[PDB]
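Data block below; observations after.
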Amino acid sequence: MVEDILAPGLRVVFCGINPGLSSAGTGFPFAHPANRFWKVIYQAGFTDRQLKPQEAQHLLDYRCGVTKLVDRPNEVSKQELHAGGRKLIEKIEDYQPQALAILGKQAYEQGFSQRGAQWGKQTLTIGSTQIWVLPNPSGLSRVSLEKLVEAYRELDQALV
Amino acid sequence: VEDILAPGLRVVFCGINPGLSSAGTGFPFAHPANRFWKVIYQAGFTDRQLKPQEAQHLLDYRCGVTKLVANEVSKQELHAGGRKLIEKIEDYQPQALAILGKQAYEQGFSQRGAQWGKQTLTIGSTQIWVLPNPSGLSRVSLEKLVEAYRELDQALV
DNA sequence: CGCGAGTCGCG
DNA sequence: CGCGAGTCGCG
């Protein structure tokens with residue numbers, strides 16, 4: 001499983017769903033060649049160039065962090081979503097960055113026991129950290145690149 | 001993920017690179033988003049949609065599974081795989097070999113400008129067919145997939 | 001990872 | 001004018 005990339009004073013902590021898809025089977029988050037995370041954050045303006053999975057630690061230099069809401073074991077059901085939410089919230093309470101972005105609607109709905117959640121900014125918070133639900137970048141996410149960039153861009157803008 | 005081969009097979013489905021969880025359980029086409037099982041059922045090679053765990057059962061339908069080869073590949077690697085592959089097909093020499101990928105066949109078999117469908121090249125008596133990969137990452141629509149496999153199934157009568 | 005694309009750059 | 005190119009971007 002991939003290691004967290006967290007610290008204090010972060011502007012955003014990007015939270016992935018499952019601990020992997022090989023976008024973790026290299027030790028680097030979002031390493032599967034078909035994952036648009038890196039491209040999206042560059043284009044959304046969180047970074048100045050498209051980092052490479054190998055350069056994941058460099059995210060800190062942009063005051064960005066990466067984590068996942070599940071940590072052990074294809075499927076991925078409520079069982080593990082709520083449990084992960086718990087460990088997750090603790091981490092966010094620890095480093096409490098400006099915003100947490102969950103890369104998945106239904107995953108946030110589950111992991112955080114919310115329902116009928118809509119894309120974007122949530123009202124719920126973890127201490128002062130804001131909670132944002134953004135569409136996952138995976139190549140298996142039928143979301144178009146444009147909708148993706150537009151969604152992340154908004155978060156980036158909002159944090160000014 | 002281990003081969004599922006034997007003699008007298010009608011078709012040996014050849015995947016490309018079981019990297020995207022397809023072999024993440026030891027089973028073939030194991031990722032929940034892969035349409036292999038659904039496509040072969042709907043194309044008529046089997047009578048029900050098998051589950052990855054039931055892969056060995058393919059033999060009961062005179063079908064076999066194999067592959068060409070830490071997330072992507074190399075030209076050397078594909079030609080190399082073609083070689084080991086052809087040997088296997090020469091061994092069990094089934095009725096037809098279906099390569100699940102255009103560019104993969106073009107490479108692994110050093111062909112170029114290949115079009116979908118039946119190829120003229122053969123391995124002994126085995127026919128060679130290039131069909132669109134079923135992965136959930138393959139932008140091919142389910143219908144085009146079913147129609148493509150169906151043709152192979154029909155042709156083998 | 002596998003797919004489409006062949007219009008575009010060149011002598 | 002005809003020819004060759006398929007790597008490149010995308011979900």
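Residue names in the structure tokens use chain letters A, B, ... in the order shown, residue numbers from 1 in each chain, and ligand numbers from 1 in the order shown.
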
TODO: Within stretch 5-137 of chain B, find each residue whose DSSP state, derived from the backbone, is helix (DSSP H, G or I), and express the selection as a PyMOL selection string.
DONE: chain B and resi 36-43+52-61+75-92+102-108

Write a file of the selected residues as a short mmCIF file (atom, residue, chain, number, x, y, z; two decimals), in the first residue's frame, keeping N, CA and C atoms.
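Written out: out_26.cif:
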data_model
loop_
_atom_site.label_atom_id
_atom_site.label_comp_id
_atom_site.auth_asym_id
_atom_site.auth_seq_id
_atom_site.Cartn_x
_atom_site.Cartn_y
_atom_site.Cartn_z
N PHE B 36 -14.87 -9.24 -20.27
CA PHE B 36 -14.57 -10.51 -20.97
C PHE B 36 -15.67 -11.56 -20.80
N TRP B 37 -15.90 -11.91 -19.54
CA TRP B 37 -16.89 -12.89 -19.18
C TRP B 37 -18.26 -12.58 -19.75
N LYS B 38 -18.71 -11.34 -19.59
CA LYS B 38 -20.00 -10.94 -20.12
C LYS B 38 -20.00 -11.04 -21.64
N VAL B 39 -18.95 -10.56 -22.28
CA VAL B 39 -18.88 -10.62 -23.74
C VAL B 39 -18.90 -12.05 -24.27
N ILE B 40 -18.09 -12.96 -23.71
CA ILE B 40 -18.12 -14.32 -24.26
C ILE B 40 -19.44 -15.01 -24.05
N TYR B 41 -20.09 -14.72 -22.93
CA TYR B 41 -21.42 -15.27 -22.70
C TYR B 41 -22.30 -14.72 -23.81
N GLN B 42 -22.51 -13.40 -23.82
CA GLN B 42 -23.33 -12.78 -24.87
C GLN B 42 -22.92 -13.11 -26.30
N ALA B 43 -21.65 -13.42 -26.55
CA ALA B 43 -21.24 -13.76 -27.91
C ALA B 43 -21.55 -15.25 -28.19
N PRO B 52 -14.86 -14.93 -12.66
CA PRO B 52 -13.41 -15.10 -12.73
C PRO B 52 -12.99 -16.34 -11.98
N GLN B 53 -13.58 -16.56 -10.81
CA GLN B 53 -13.25 -17.74 -10.02
C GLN B 53 -13.53 -19.03 -10.78
N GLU B 54 -14.41 -18.99 -11.76
CA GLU B 54 -14.74 -20.17 -12.51
C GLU B 54 -13.97 -20.26 -13.81
N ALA B 55 -12.86 -19.53 -13.92
CA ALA B 55 -12.06 -19.53 -15.15
C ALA B 55 -11.73 -20.91 -15.72
N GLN B 56 -11.37 -21.85 -14.86
CA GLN B 56 -10.99 -23.17 -15.34
C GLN B 56 -12.11 -23.82 -16.10
N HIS B 57 -13.33 -23.42 -15.76
CA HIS B 57 -14.51 -23.97 -16.40
C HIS B 57 -14.52 -23.70 -17.91
N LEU B 58 -13.72 -22.75 -18.36
CA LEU B 58 -13.65 -22.42 -19.79
C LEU B 58 -13.32 -23.63 -20.61
N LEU B 59 -12.54 -24.52 -20.01
CA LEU B 59 -12.15 -25.73 -20.71
C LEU B 59 -13.38 -26.53 -21.09
N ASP B 60 -14.35 -26.57 -20.18
CA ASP B 60 -15.59 -27.27 -20.41
C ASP B 60 -16.26 -26.71 -21.64
N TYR B 61 -15.90 -25.49 -22.04
CA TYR B 61 -16.52 -24.92 -23.24
C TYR B 61 -15.51 -24.92 -24.36
N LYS B 75 8.64 -2.89 -26.81
CA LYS B 75 8.50 -3.58 -28.10
C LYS B 75 9.16 -4.96 -28.01
N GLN B 76 10.31 -5.02 -27.35
CA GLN B 76 11.05 -6.27 -27.18
C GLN B 76 10.18 -7.27 -26.46
N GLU B 77 9.59 -6.81 -25.36
CA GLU B 77 8.74 -7.63 -24.54
C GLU B 77 7.55 -8.25 -25.28
N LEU B 78 6.96 -7.48 -26.19
CA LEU B 78 5.83 -7.98 -26.96
C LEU B 78 6.23 -8.98 -28.03
N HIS B 79 7.34 -8.73 -28.73
CA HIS B 79 7.80 -9.70 -29.72
C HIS B 79 8.23 -10.97 -29.02
N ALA B 80 8.87 -10.81 -27.87
CA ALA B 80 9.30 -11.95 -27.08
C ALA B 80 8.08 -12.78 -26.72
N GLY B 81 7.04 -12.12 -26.22
CA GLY B 81 5.82 -12.82 -25.86
C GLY B 81 5.22 -13.51 -27.06
N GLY B 82 5.20 -12.84 -28.21
CA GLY B 82 4.66 -13.45 -29.41
C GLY B 82 5.30 -14.82 -29.61
N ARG B 83 6.62 -14.83 -29.48
CA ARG B 83 7.38 -16.06 -29.66
C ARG B 83 6.91 -17.17 -28.75
N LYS B 84 6.96 -16.97 -27.44
CA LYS B 84 6.52 -18.02 -26.51
C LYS B 84 5.09 -18.40 -26.85
N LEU B 85 4.29 -17.40 -27.20
CA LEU B 85 2.89 -17.62 -27.53
C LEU B 85 2.74 -18.57 -28.69
N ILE B 86 3.34 -18.22 -29.83
CA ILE B 86 3.21 -19.06 -31.00
C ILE B 86 3.58 -20.51 -30.67
N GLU B 87 4.60 -20.71 -29.84
CA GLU B 87 5.00 -22.07 -29.46
C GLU B 87 3.81 -22.79 -28.83
N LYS B 88 3.17 -22.13 -27.87
CA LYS B 88 2.01 -22.71 -27.20
C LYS B 88 0.91 -23.07 -28.18
N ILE B 89 0.65 -22.17 -29.11
CA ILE B 89 -0.40 -22.41 -30.08
C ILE B 89 0.02 -23.53 -30.98
N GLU B 90 1.32 -23.71 -31.18
CA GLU B 90 1.80 -24.80 -32.02
C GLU B 90 1.64 -26.09 -31.26
N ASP B 91 1.75 -25.99 -29.96
CA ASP B 91 1.61 -27.13 -29.09
C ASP B 91 0.17 -27.65 -29.14
N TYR B 92 -0.76 -26.91 -28.53
CA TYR B 92 -2.17 -27.32 -28.44
C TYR B 92 -2.98 -27.05 -29.67
N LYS B 102 -5.38 -4.61 -31.14
CA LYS B 102 -4.85 -4.39 -32.49
C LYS B 102 -3.34 -4.12 -32.48
N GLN B 103 -2.99 -3.03 -31.83
CA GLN B 103 -1.60 -2.64 -31.74
C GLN B 103 -0.75 -3.70 -31.08
N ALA B 104 -1.32 -4.44 -30.14
CA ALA B 104 -0.58 -5.54 -29.47
C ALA B 104 -0.26 -6.66 -30.46
N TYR B 105 -1.19 -6.96 -31.36
CA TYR B 105 -0.96 -8.01 -32.34
C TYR B 105 0.05 -7.49 -33.34
N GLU B 106 -0.16 -6.26 -33.79
CA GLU B 106 0.75 -5.63 -34.74
C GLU B 106 2.18 -5.77 -34.20
N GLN B 107 2.38 -5.45 -32.93
CA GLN B 107 3.70 -5.59 -32.37
C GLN B 107 4.08 -7.05 -32.15
N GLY B 108 3.55 -7.68 -31.11
CA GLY B 108 3.87 -9.07 -30.81
C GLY B 108 4.07 -10.01 -31.98
#

TODO: Using only C-alpha atoms (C1' of nucleotides), select each residue of chain A with any atom at most 10 Å away from an atom of chain C, and give the selection as a PyMOL selection string.
DONE: chain A and resi 32-34+139

Keeping only C-alpha atoms, write the selected residues as a compact mmCIF listing (two decimals), in the first residue's frame.
# COMPACT_ATOMS: atom_id res chain seq x y z
CA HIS A 32 -1.31 4.07 -13.27
CA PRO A 33 -0.59 5.68 -16.69
CA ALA A 34 -4.29 6.23 -17.29
CA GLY A 139 -9.12 6.60 -16.27

Task: Expected answer as a list in words: chain B residues within 10 Å of chain D, only C-alpha atoms (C1' of nucleotides) - done: residues 103, 113, 136, 137, 138 and 139 of chain B

Open item on the list: What's around residue B:34 at 7 Å? Count only C-alpha atoms (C1' of nucleotides), leave out sequence neighbours fewer than 4 positions away in its own chain, and write the answer as a list in words.
Closed with: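 My reading of the contact set: residues 29, 134, 135 and 136 of chain B.
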
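Relative to atom CA of residue A:24, atom CA of residue A:138 is found at 12.5 Å.
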
Open item on the list: Here is a test: counting only C-alpha atoms, which residue of B:31, B:118, B:62, B:48 is nearest to chain A?
Closed with: B:31

- [ ] Please determine the contact residues of chain A with respect to chain B at a cut-off of 12 Å, counting only C-alpha atoms, and supply them as a list in words.
- [x] residues 20, 21, 22, 23, 24, 25, 26, 27, 28, 30, 31, 32, 33, 34, 35, 73, 74, 75, 76, 138, 139, 140, 141 and 142 of chain A

Task: Å distance separating atom CA of residue A:10 from atom CA of residue A:105, one decimal place - done: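 For atom CA of residue A:10 relative to atom CA of residue A:105, the distance reads 22.8 Å.
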
TODO: Calculate how many Å separate atom CA of residue A:81 from atom CA of residue A:11, rounding to one decimal.
DONE: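 Going from atom CA of residue A:81 over to atom CA of residue A:11 covers 24.2 Å.
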
Open item on the list: List as a PyMOL selection string the protein and nucleic acid residues near residue A:88, meaning an atom at most 10 Å away when only C-alpha atoms (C1' of nucleotides) are counted, but skip any in the same chain fewer than 2 places from it.
Closed with: chain A and resi 15+67-71+82-86+90-94+111-112
